[PDB]
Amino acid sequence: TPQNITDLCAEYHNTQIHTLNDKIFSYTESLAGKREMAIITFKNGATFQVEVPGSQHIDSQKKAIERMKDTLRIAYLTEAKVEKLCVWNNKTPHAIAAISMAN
């Protein structure tokens, strides 16, 4: 069992860590058909999404997806600092796998 985001990220193919250590610059969410997703960006231009739930996701993940979005929304609204993000490299924008926050 990983003890941190970096180690966890490393257990998957085409994932990479992005160290941001900054609050989220912008938060966007959509209910539009086939575009029920969330996108976040940081003042430096970095952009990430929380993918539309799909077949690429297993059942156990669906609830975690909803949670990530609750997390991103609140982190944004509170300006919580985002330390790191684990993301899949094979999606544009890069899809969020995990997030770490620290003061």
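Here the rigid core means the biggest group of C-alpha atoms that line up within 1.5 Å when the two forms are laid on top of each other. Counting begins at 1, following the sequence as shown.
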Handout entry: Rigid core superposition result in 8 other deposited structures of this protein, more deviant of 40-48, 55-63 by Cα
Key = 55-63
Fill in the blank from the handout: Mean B factor on CA atoms, stretches 25-33 and 50-58, record says higher is 50-58
Problem - For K43, the third of its chain into which the C-alpha B factor falls - result: highest
Problem - For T6, the third of its chain into which the C-alpha B factor falls - result: middle
